[PDB]
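The form deposited without the partner chain is given below as one chain in structure tokens.
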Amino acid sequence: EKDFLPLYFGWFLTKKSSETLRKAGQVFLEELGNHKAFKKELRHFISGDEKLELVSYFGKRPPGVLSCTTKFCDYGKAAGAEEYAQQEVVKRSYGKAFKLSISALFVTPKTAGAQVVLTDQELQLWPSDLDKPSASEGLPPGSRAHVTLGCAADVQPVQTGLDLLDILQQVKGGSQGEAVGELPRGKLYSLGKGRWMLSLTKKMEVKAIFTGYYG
């Protein structure tokens, strides 16, 4: 027989970079929740019902260290998972160190995350797979790349990547609007339908190892 694969592949940030980014994500959620322009849009954010504390709202958080997922394999059950694992480049890079560039932080009524911009070599570790779900269109590859920081209670694993994909798809169409504020890290935007994106002024470099997760 052949040996079974991980739940997923990806970069797994260092203790430091996880701690460094996790705290940075949590400062953002308070700055946002405590922002007037934000408090103006709770009607589009939730359904019913006062000021909301986003850090408890996104109550489902990463147990330990943060990670950027490349290919979710589900132990071989997922499509293209098989071809993706035998790629030479995936085998070349398994165990190698990497640095990732976080260009922005976002929030929607479902997820909080951090956009990841992959380099050209890192993009080679991105699955150029056949069966793109509606969102992938239009955006350069690797755009889906992110790190999950939080999810609302009843939200499913895939949504974080889709939330970012929907947002970028809108910036694509030029519906960003103008920056409605200058958060301490950078520029803020309201995209409607309870969507937001902060474009960091100095992009955050985190160090990580490309490996697989089983658990």
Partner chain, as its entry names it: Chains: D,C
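Numbering follows the first chain given and starts at 1.
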### Message
Going by the PDB record, how many residues of the deposited sequence fall between residue 49 and residue 50 without any coordinates: none, 1 to 3, 4 to 9, or 10 or more?
### Response
1 to 3
## Note on the structure
Assert higher mean C-alpha B factor (18 to 26 or 196 to 204, deposited values) equals 196 to 204
### Query
When the C-alpha temperature factors are averaged for each of 122 to 130 and 80 to 88, which stretch ends up with the higher value in the entry?
122 to 130
### Query
Taking the values straight from the PDB record, which of 139, 105, 117, 97 has the highest C-alpha temperature factor?
139
### Summary
Chain thirds by Cα B factor, record data; residue 178 belongs to the highest
### Query
Lowest, middle or highest third: where is residue 53 by C-alpha B factor in its chain?
highest
### Summary
Of the three thirds of the chain ranked by Cα temperature factor, residue 166 occupies the middle
## Note on the structure
On the chain's distribution of Cα B-factors, residue 213 falls within the third called lowest
### Assigned third (lowest, middle, highest) for the C-alpha B factor of residue 186
middle
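Separately, the form solved in complex with the partner chain exists; it is not shown, and the next lines address it.
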### Query
Would residue 189 show up as a contact with the partner chain in the deposited complex if we use heavy atoms at 4.5 Å?
yes
### Message
With the partner left out here, check for me: in the deposited complex, does some heavy atom of residue 115 sit within 4.5 Å of the partner chain?
### Response
yes
#### Entry: Exercise: residue 172 in contact with the partner chain in the deposited complex, heavy atom 4.5 Å
yes
### Query
Taking the shortest heavy atom distance, is residue 143 within 4.5 Å of the partner chain in the deposited complex?
yes
#### Entry: Interface residue in the deposited complex among 27, 52, 183, 168, criterion: non-hydrogen atom within 4.5 angstroms of the partner chain
168
